[PDB]
């Protein structure tokens, strides 16, 4: 058993109020009041982020931890926060975005955020059975939370396998992907094998809630995986009991228009 496994057990033992206070304490949170109502009313001429994912990917890019360029694939795009972010980057030439949709899952939000015309959305697509194709940058933000850490480990393992399949097709592609449960043993093993062949490492974004252990793997960084994970587990465990709130920051606005 790992520190991350203990984190999960402590998290599941929180009351609803303890959980609400814990998940937000000390995290950066974009202010989505305006964005939420625009989307609800169906305004399509907006460049405000369609989801909380845009600022996470922007932080990775702005830190230099990811390289977004060329033909981009967004595997599991949901509302499209990463696809709209990528499409606004001048180095990006096109985005092919795929998501399953269906009951209980987010369909792409349709807006004129800068570069929207360079995105091809396909909803109703399962990426785990879809043949890879050529790409310069592969992105995947898949990983559904569950109270069962073993289920989260298996979901994470499937994402890493998908990445391996896209790297087999595109050995030179940049990769950035969510690792939902990085402390599980089959995840550590798969990440070690991925790093052995492709390089890369893990990083925690400051927008991730304390109620998720998610870390982002990118081929553009480095670092010992086990140490990266354990440092993060210890940080999450120490935050139980903290009552400070989140740090509110403005939401990203990419502007509107075609590229």
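Residue numbers count along the first chain shown, from 1. Rigid core (definition): largest C-alpha set, two forms, superposition within 1.5 Å.
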item	value
Higher-deviation stretch (C-alpha RMS, rigid core fit) in 8 other deposited structures of this protein, choosing from 105-113 and 153-161	105-113
RMS Cα shift after core superposition in 8 other deposited structures of this protein, winner of 96-104 and 171-179	96-104
89-97 versus 103-111 - greater average Cα B-factor per the deposited record	103-111
Between the two ranges 239-247 and 7-15, the one averaging a larger CA B factor in the entry	239-247
Highest-ranked of 63, 213, 40, 56 once sorted by CA temperature factor in the record	40
Largest Cα B-factor, entry values, listed residues 218, 44, 195, 51	44
Assigned third (lowest, middle, highest) for the C-alpha B factor of residue 147	middle
Lowest, middle or highest third - CA B-factor, residue 132	middle
Chain-wide C-alpha B factor ranking for residue 231, given as lowest, middle or highest third	highest
Modelled-residue ranking by C-alpha temperature factor, third containing residue 67	highest
Relative C-alpha B-factor of residue 225, binned into the chain's lowest, middle or highest third	highest
